[PDB]
Amino acid sequence: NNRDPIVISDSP
Amino acid sequence: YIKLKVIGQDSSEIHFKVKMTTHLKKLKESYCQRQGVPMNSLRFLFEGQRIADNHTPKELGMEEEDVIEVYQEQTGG
């Protein structure tokens, strides 16, 4: 019941 | 964006928002930073196979709500 959000950057 | 579910050893559900364009290399190293450990210390297991640095979500068969396991390698790094 634990949620952690990570955002990733994408190289164009 | 694809939201992968990383299962932590302490039952922690990590939601990594990846994109079907980037390489898993960036994902692997970023996850190491999230925990505070050097890269290559944690092995990502997907269907019994270890995720390589040149691996991409386009191969193997990754989708939304996918389950990926992370374990500590015997190398320590």
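Residues numbered from 1 in each chain as written, not as in the entry; some residues may be left out. Chains lettered and ligands numbered in written order. Heavy atoms only, no water.

- Method-wise, the PDB entry is recorded as coming from solution NMR.

**Notes on helix α1 (residues 24–35) of chain B**
Right, on to step 1. Between the first and last C-alpha of α1(B) there are 17 Å, a value that for 12 residues agrees with the 16 Å anticipated at 1.5 Å per step.
Right, on to step 2. Buried residues belonging to α1(B) abut β1 (3–7) of chain A together with β1 (2–7), β2 (13–18), β3 (42–46) and β5 (67–72) of chain B.
Right, on to step 3. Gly36(B) lies just past α1(B) and shows a positive phi near 95°. (Helix = DSSP H or I, 4+ residues; strand = E, 2+ residues; numbered from the N terminus. Expected span 1.5 Å × (residues − 1). Contact = heavy atoms within 4.5 Å.)

**Here we look at the sheet that holds β1(A)**
Right, on to step 1. Within the open sheet, the six strands sit side by side as β1(A)-β2(B)-β1(B)-β5(B)-β3(B)-β4(B). Their pairing is mixed. Of all strands in the sheet, those with a lone pairing partner are β1 of chain A together with β4 (49–50) of chain B, marking the two edges.
Right, on to step 2. Those strands touched by α1(B) are β1 of chain A together with β1, β2, β3 and β5 of chain B, and its axis lies near 140° from that of β2(B). (Pairing = 2+ DSSP bridges. Axes fitted to C-alpha atoms, helices over the stretch in contact; angles between N-to-C directions.)

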